[PDB]
Structure formats: C-alpha cells, structure tokens
Amino acid sequence: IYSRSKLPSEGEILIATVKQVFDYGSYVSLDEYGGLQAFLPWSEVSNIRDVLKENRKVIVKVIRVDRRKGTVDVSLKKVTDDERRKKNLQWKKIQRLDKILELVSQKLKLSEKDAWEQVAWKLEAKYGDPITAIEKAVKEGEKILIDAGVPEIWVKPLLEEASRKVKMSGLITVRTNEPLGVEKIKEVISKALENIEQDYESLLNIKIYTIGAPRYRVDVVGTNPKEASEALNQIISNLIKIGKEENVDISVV
Amino acid sequence: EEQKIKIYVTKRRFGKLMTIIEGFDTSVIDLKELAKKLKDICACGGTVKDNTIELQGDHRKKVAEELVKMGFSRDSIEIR
Amino acid sequence: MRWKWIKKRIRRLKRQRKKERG
Amino acid sequence: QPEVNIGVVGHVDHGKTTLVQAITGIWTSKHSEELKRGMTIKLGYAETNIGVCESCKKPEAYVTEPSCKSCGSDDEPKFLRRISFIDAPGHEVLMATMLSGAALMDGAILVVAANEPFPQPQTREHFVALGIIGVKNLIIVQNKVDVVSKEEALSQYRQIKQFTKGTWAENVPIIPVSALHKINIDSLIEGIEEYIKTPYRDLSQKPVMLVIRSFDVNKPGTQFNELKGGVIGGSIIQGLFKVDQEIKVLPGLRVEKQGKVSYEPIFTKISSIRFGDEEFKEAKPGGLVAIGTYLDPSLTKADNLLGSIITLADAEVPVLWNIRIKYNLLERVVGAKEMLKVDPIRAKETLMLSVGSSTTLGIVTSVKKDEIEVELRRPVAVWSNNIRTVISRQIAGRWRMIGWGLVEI
Amino acid sequence: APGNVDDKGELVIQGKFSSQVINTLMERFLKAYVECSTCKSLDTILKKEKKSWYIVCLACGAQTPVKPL
RNA sequence: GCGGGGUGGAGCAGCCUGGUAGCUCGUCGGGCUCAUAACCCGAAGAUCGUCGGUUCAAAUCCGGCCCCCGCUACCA
Ligand SMILES: Nc1nc2c(ncn2[C@@H]2O[C@H](COP(=O)(O)OP(=O)(O)NP(=O)(O)O)[C@@H](O)[C@H]2O)c(=O)[nH]1
Ligand SMILES: [Mg+2]
C-alpha cells in the first residue's frame, strides 16, 4: 500500500504489522506507508504473546516522527477505542483496494506502485475512498474512472477485477424467581439469541456467561468492528424484551 | 482479622484542636455511619475527610473507648 | 423555632409512640 | 447416604477441624482465603465409612476402609454404617452459626485441648448449649496430648471427670487423642460406635429439612446452554425427599414496595440429589444433602436461603412474624471469660432468637414468668409444635447465649 | 536398566552399577515415596486410587500425595 | 517465574521526559483582628535501601543482592 508521503503525519492513526519482536520493543511496519518500519517500545503496550505476535496487523497512533533521520515511533496505548473502530472499517476498504491493484497490475504485468500511483492517487482527487469511486464505477460506468483521468489501461482490468477478529462485550443482570427459573434463563437467552447469525449478519462467535450471579457477560466477536454492538445491542435488547415477555427480569449494567 | 487504627489531635477551627481517626478498611467499614455515631459520642461537628474521620475538639479517649465498645480490637488502636 | 419544635415534638412522639407500639 | 449427624463442638483452635481430618481425611478447606489464614468459618463438611475387624481385636478393629489386613488379618471388615460430621468453628463470636448447626446433629464430640485451662470460655458455652437443646449423646475428647506431660493429661482428665459430675454427664467417656498424628483414633471410633447410636426416624412423616448452605455451582464462564441449577445444602430431619418431587422454601423471598416488607414461599422441582460427591435418587435423615433445583442460581449464590427450610409443596406450615416462647434462663453467662449473673428479660429489648438452622433478630413485647411474646424482623416458619429455640443477648458488643425454651403454637 | 527379582527376593540389575549411585537413587526413592512430609517417620503405607497415590503415616497420620509411578 | 514499590518523623509526589526534591499531621518567628481561630509570609529537618556502573552531572538511566506487595479470583 504505497504512500503519497514519506513520513506519516505525527499523532496519526494507522494499520501496521509487527515485524520483529526484540527485548525492548519491536519493529513494526506501517502498511499504509510502503511498510515503513518504525519503532514501538513497551512504554506504549498495555497475555502479551498474541498481539506481540510475529505478524498480526495491529493499529497504532504515531507518537513520534523525526523527519530528520527518517525514523518513527508509535504506540498502541494512545489509540482511542473510538478511533480503533472507525479506522478499523477503513481497513477492510483499503484492503479490498490492495487486492484489486495487487491483481490488476500483475495481470497488466506492471507495478503496484504504478497501480497505486495511477489508479488510487487520482481517484484521490475525485473526493473519495477510491474503492467507492470504483463501486460507483462497476455499477455505473468506466466514465467515473476516465473523468479523474485514470490512465485508461487499468480501467477495464480494474472493473472486471473488481466484481480477522474483534471482540465486544456487556454486563447484564438477570434476576428471576420462577419455580423453574434456570430453565427460563436458558430459554430467553436462546430466544433472544435467535436468528441473529443472519440479522446483524456474518460475525464469528457469540458467548453468554455468568461472571457474577445475576451479572452476566454477552460476547460478540466478529470480522467488521462496526458490526459489533450492532449485533450485540440487538441481542441485549431482545434479552430484556423476551426476558420481559417471559417473566425473567433482565437489565444492562 | 487485622484492622489497626490511629487516633490523634488534628488542627481545627474554634475550640483548641480537632481529632483525627484513620486506618479503617474503607471497603468494609462505612466511615459516614461511623462518623455519625462518633459525633453523637463527642457531641461535636465532624466529617469524613478522604479515608479519615475528623472531629472538632480533643476526643481521643472517648473515640478509642467507643470503638472498643463497637467491636474493634483494643490492640488495633493507638492514641497519639 | 416552631419548625424546630414541631419536628422535635413529632420525633419525640414517633420515637416514643414507636416505643409504645413496641 | 450417611446415616447420622455428629457434631464436633469445642473452644477455638483446640483442633476440631483437625480431629475431623484424622478421622475422615477431609479438611474443611479453610476457604474464602480468609479461613486459610484464620480458621473454620463456615460449618465444615465431611463423611466416612465405618467397618469393623470382626476377625481381630478392638479398638484398632475399628476400621475406615474395607480393609482389615491393617490389624490381625484380612477378612474384609464388615460395614456398620456411614456417618457424617459437622465441623463448627471455635471462635467466641461464631456462636450464632454453631447454634444453628446443632439443629442437624444427632450427637456430638467435645474436643477439649490438653494443653490449655480446661473450662475455657467457648468450651463451656458449647457444652451447656448441648445440654440445653437436647443433644444428650456426648463424647468428650482430650486432644493435644501429643504435646504434654503424662501427668498433665491425667489431671485434666480429673478436672473433666469432676465437671462431668453434677451436670447431666454421668459416663460421658473421655478419649484422649492426638489429632495431629492421628493417634488413638480407633478407640474414638469405638466410642462413637458405642455411644452415638443411629436414631430411628419414621419416614411416613411430613418431609421437612433445614438449610445451612447453598451454592451457585456454575464455574466462572459456563455458557447458558449448560447453566446448572440452583443448589441447596442442608440436612433432613423428618420424612424423606425423592428425585422429581415438587417442593417449597420458607419463609422465602421478601418483596419491596416503597419501604414495606413481605416474605413469600419459593417453589421448584428437586432437580437432583447428592450426598458427598455421589449422587442418589432419594434422601433420608442424618447427613447433609444438597439439592439440585431449577431456580435462578442468583437466588442461592453466596448462601442466601441460609436459615430457610424445605418442605413438601402444598404443605401446612406457619410463617410467623410474632411468636409465643415459653422459656428459662441460665443463672450465669457461661461464655464470657467473666461469669456475670444473667439479668432477667426487660421488654423492648433486642434478642437473637436462634430457631432451627435460622438465625433471626427480634424485640420483646411481653414479659411473663416463662412466656414472652416476640416480634421478628425475618419470619420464622414453624414446622411443628416441638420447635426448640435458643436465646441470646448482646452483652458487651459480642452476643452471648443466655437462656432457652419452646416455641408455642 | 533392566532387571527383575530373584525367586529368593534378590534384585538382579542387568547392568554393572557402582554400589554408591544405587544408594543415592535409593534414598531419593525413600524421600519421594516413603517418608512422611509432616514428620518424616518412614513408618508409612502407600494408598492408590484411580490416579492418586498417597503416603500414609502410621505415626502422625498424614497423607503425602505422590506422583503415581 | 513474572511486576509494582523502598524519598525529612507518618502517609503520598517527583524517576521512562538526567542538572530545579513538591503535598498534607503538629513546632518556631513575623503579619491580619480589639482578641482567638482561620488566612498570610519566613524559618528546622532528607547519606532518597544498599554494594558499583555510564555520564560533565544520577532521586532520575543500566546491572547485584536485602527486606515489602500483588499474579490472571477457589470446587453439591
Ligand atoms: N501438636 C498438636 N497440634 C495440633 C493438634 N490438633 C491440632 N493442632 C494444631 O492446631 C491448629 C488449629 O487447627 P484447627 O483445626 O484449625 O483448629 P480449629 O479448632 O479447627 N479451628 P476452629 O476452632 O475455628 O474450628 C492447627 O495448626 C494444628 O496444627 C494436636 O493434637 N497436636
Ligand atoms: Mg478450622
């Protein structure tokens, strides 16, 4: 994912990948900046073996850009979790794209640098995430491509070459006094956790458990961050309702 | 068990010198209610100040004796 | 004043009437 | 399932739990981590099998596992019964639970410490509680003789043989032990195989039982698909429960309406029956059981329905708020280091009324010769007319056993 | 090393080992499977159940759980 | 085995961003008030756990032990 800049603007947030775990930090590579290797120290981290992994692609904020030597430091603490989702959808977009040029260029036998220079940098102009100036393109026409002046070589090879976990959880409370209460719990949970796999669709796994005696935890894990509470809330809603429509009291913390 | 306490004189307003009580486990002991009870024993004003109780005037012995009455270990209490 | 007294009288009454009721 | 309920009363740290450990093997955990630095805090629990070496000599003949080849020889010792214990605590303040616990006992064993001044506060407090409630099948035990002079343990046996005099305790034998090196325990098994006989219980009677624990089995994290039911721990006394019966809990949960109070009975189905770690289809007196239920485990987490009782659904039992006690006092307060003489009851006084397993607080409305009328915070389900009770007063901050009587309806 | 026992209770170790090392390994055997943890008596039994063996002191009465092997 | 912490008498800052040790419990001096408090200013006190290392300079950065505290939350 070639960049139209040398160094990321400091304080910026982006997707990078852990390259090399050393003792006093590790080297990462900012996937949005031609894999621009940078430096990440423990004073910015925090079971640490699954995010300090060899290749899992983390997200971070740029603590320091020394434009001089050409080195960069980042942190993953300093990443708001309100940033951590938005810039987590932006990811799945920016990688649909990657794939596209990663196969068109190849097909066209050229360069992903000339696939990113040409296709993606001028479709930067026409206000937009280029993958959407192509989602209008493939639907509408190749004249959305030619407008911005996208070298009419990729155009068609583009169009035709056109057509993973996140965890979210919640503390609930489920009281009951019914003679066969446990049972009704199992029920309302298995009726409020129903057809959800298709409603707020394809996610990965959902887990409901007791961590207090009335306090519980629901756990939606998925592929698209902003599919999170979408699923989750809905579930938690239908808890209440069906809980509230089957004599079992339920209430979010 | 194991709850120690310190009772000593603490500068205050009109009168002479307040009384400070510290060392209670605030997760188990409600200082608001303790203070209210102590204020009745001393018949003085007082407040919970952070994790301590401050009483107006010198009531060190009064407070210590009342705390023992309330079930707190005699040996956990020191008057300074 | 009569605020005072009314609630003092009431509290006396209640507390004592609590002690009579009990 | 265990036949009988033997209690292990006594002063603090004399080793009650330890003696239970030499007999069964079991510890009471000492848990909540607190108990692990402190001592027994909930009633401990443990069971064991007593067989006998017919084919050899006693007391050693008194075995613990189907194995005689430990003394004399092989012939697989004959099984006499399986018993259960109830380890109380010993601390002057856990009085309110130990009381509670007695309600399940069919007999007891008084663990005195061989290396500390015989009538120690709680030792007595307990003893008289025992002679008061009715637990007349008693065995005194001289524990820490593994740390004393061969003179000392005999002279204590004297002070004991002399206390055990005027009192109701004729030939309540006294078996010195070493709970630490498990020495002489087999003669203890022979005592408890003689004197603590297993009482008959008419089953036909109304199914009635006392509760003293209850847990949320469910592990931190078990999914909802297999949330195992609410679980009620306690002891049966009269009747017998069976898997799949319809049951209720009394007085049961109270509601809240703007400062009001209102208890009411909980119904459920006996999901399951277990003694020790092994499951049974039915359950009969003597022992503690645990009852798997179908009710929201919230309802019985920490030990909520403590002091509650379980009976036949659609059964006739009073949930009183106000009660008629007939009654008597001790002349002394055997339980303070000080023996100060018991002041007679003044009305409008708060007293702990220990009824059955439950522990409730209440205020005195009536003061006659031996019939007072009490008003209670939490209701008492009075299952019989024969309801023994135990009465206490906050003497010096800590509560103290002062007298008794009989519930009256 | 391999070996079995005489019909007359003798141990024949199919290997010529130094008298010493035998003891060293033997005491280690005592430590882990015979000696009581509580008091060190050596006057013990050795229970066995599904998968848990225990040392059982005839003096102190305690049970040192040992790795069934 | 991990990781947090030893700073005037007590209880807490300051340390990854090396040169300035800050805050509350009473003391002492001077103000304000007719006077007491309160409030204000000025004063007493710290080998910063120890044995050394790097540096111009170490409370501060790197290692060596000595006590102090916690570790992924407990069982019919
Ligand atoms: N030397 C010796 N020590 C013993 C003996 N019995 C118990 N102890 C010791 O006494 C201590 C107290 O054990 P514990 O059983 O908790 O006492 P307890 O009386 O059960 N506590 P609680 O009164 O609360 O139930 C243990 O540390 C044990 O080592 C004995 O016969 N000899
Ligand atoms: Mg104990």
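- For this entry, the PDB record names cryo-EM as the structure determination method and reports a resolution of 5.34 Å.

**Looking at the pattern of salt bridges**
At step 1: Going through the model one piece at a time under the given rule, you end up with 31 salt bridges over all chains.
At step 2: Across the salt bridge formed by A:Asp50 and A:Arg56, the nearest N and O atoms sit 3.5 Å from each other.
At step 3: Accessibility expressed as a relative area gives 33% for A:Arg56, which makes it partly exposed.
At step 4: Among the ionic pairs, D:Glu92 bridges to D:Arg398, the shortest N-O distance being 3.8 Å. Residue D:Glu92 is located in the loop between β3 (78-87) and α3 (95-102), and its partner D:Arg398 is located in the loop between β22 (388-394) and β23 (399-408); the two are separated by 306 residues in the primary sequence.
At step 5: Within the structure, one salt-bridge network assembled from shared partners comprises A:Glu178, A:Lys184 and A:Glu246.

**Brief notes about the state of the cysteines**
At step 1: By the definition in use, this model includes one disulfide over all chains.
At step 2: A sulfur-sulfur separation of 2.0 Å characterises the disulfide bridge that pairs B:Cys42 with B:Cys44. Handedness of the B:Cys42-B:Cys44 disulfide follows from its S-S torsion of about -80°: it is left-handed. The same class applies to B:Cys42 as to B:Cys44, namely buried.
At step 3: D:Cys56 forms no disulfide, and the closest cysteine sulfur to it belongs to D:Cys53, at a distance of 3.6 Å.
At step 4: When its relative accessible area of 18% is taken as the criterion, D:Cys56 is described as buried.
At step 5: Summary of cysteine pairing: D:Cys68 is not part of a disulfide, and the nearest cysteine sulfur, belonging to D:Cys53, is at 3.1 Å.

**Section: the domain arrangement of chain A**
Residues and elements named next belong to chain A.
At step 1: Per the domain assignment, the segments making up chain A are domain 1 (13-76), domain 2 (77-164) and domain 3 (165-253).
At step 2: Centre-to-centre separation of domain 1 and domain 2, based on C-alpha positions: 25 Å.
At step 3: Counting residues at the interface gives nine residues for domain 1, matched by seven residues for domain 2.
At step 4: Both sides of the domain 1 and domain 2 interface together cover about 990 Å² of buried area, and 64% of this is carbon and sulfur.
At step 5: By the criterion of area lost to domain 2, the three top residues of domain 1 are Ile-13, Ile-15 and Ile-59, representing 46% of everything that side buries.
At step 6: One can count one salt bridge joining domain 1 with domain 2.
At step 7: At the boundary of domain 1 and domain 2, one finds six residue pairs in polar contact.
At step 8: Breaking the side of domain 1 that touches domain 2 down by element, the ones donating at least two residues are β1 (13-22) and β4 (59-66).
At step 9: In terms of residues, the side of domain 1 that touches domain 2 owes the most to one element, β4, which gives three residues.
At step 10: Tallied by class, residues from the side of domain 1 that touches domain 2 come to five nonpolar, one polar and three charged.

Procedures and definitions
- Residues numbered from 1 in each chain as written, not as in the entry; some residues may be left out.
- Chains lettered and ligands numbered in written order.
- Part of a larger assembly, values for the part shown.
- Heavy atoms only, no water.
- Residues with missing side-chain atoms left out of burial classes, pairs and counts.
- Salt bridge = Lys/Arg side-chain N within 4 Å of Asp/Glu carboxyl O.
- Buried < 20%, exposed > 50% of the residue type's maximum accessible area, 1.4 Å probe, protein only.
- Helix = DSSP H or I, 4+ residues; strand = E, 2+ residues; numbered from the N terminus.
- Disulfide = S-S within 2.5 Å.
- Domains from an automatic or database assignment.
- Contact = heavy atoms within 4.5 Å.
- Buried area = accessible area lost by both parts, 1.4 Å probe.
- Polar contact = N/O pair within 3.5 Å; in protein donor to acceptor, adjacent residues only side chain to side chain.
- Nonpolar A, V, L, I, M, F, W, Y, C, P; charged D, E, K, R; others polar.

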